[PDB]
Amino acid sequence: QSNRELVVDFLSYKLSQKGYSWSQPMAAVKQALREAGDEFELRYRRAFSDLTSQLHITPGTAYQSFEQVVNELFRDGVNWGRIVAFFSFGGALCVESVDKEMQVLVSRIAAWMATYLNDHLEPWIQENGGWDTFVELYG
């Protein structure tokens, strides 16, 4: 797997071990996203459950059904809160899969989410300053 993430992990470990707190490149994005997703699921449960109630995965579910639900979520435009909901929705789909002994579905859900981000959301994300802008506005 990814030589680049292996390199970044090792150099950050080595720098921190020598006394230079370094932090990996996307550490602030990951932290801001986790925080926003926790807040969305806690404080907007009605909106969270409305989105999760729209799809239930089986081993036969295709990417097109996931994409159908997420296209609906962005129908009135992309914004950062809707992107946060898309992550929380994916996370709910994973928890449900593990709850029903279909842990094999987790890596498929991750691939769906990465595909949707790369194909459908990346132009807006880059247009809006990238993930660093998300951290600047909400981290």
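In case it trips you up, residue 1 is the first one in the sequence shown, and so on. The term rigid core refers to the maximal set of C-alpha atoms that superpose within 1.5 Å between the two forms.
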Higher-deviation stretch (C-alpha RMS, rigid core fit) in 4 other deposited structures of this protein, choosing from 50-58 and 32-40: 50-58
Between stretches 129-137 and 4-12, more displaced by Cα RMS in 4 other deposited structures of this protein (rigid core superposition): 4-12
Average Cα temperature factor in the PDB entry - higher stretch of 107-115, 72-80: 72-80
98-106 set against 81-89, stretch whose average Cα temperature factor tops the other in the entry: 98-106
Third assignment of residue 28 from its chain's C-alpha B-factors: middle
Record-listed C-alpha B factor of residue 50: chain third: highest
Third of the chain, ranked by Cα B-factor, where residue 19 sits: lowest
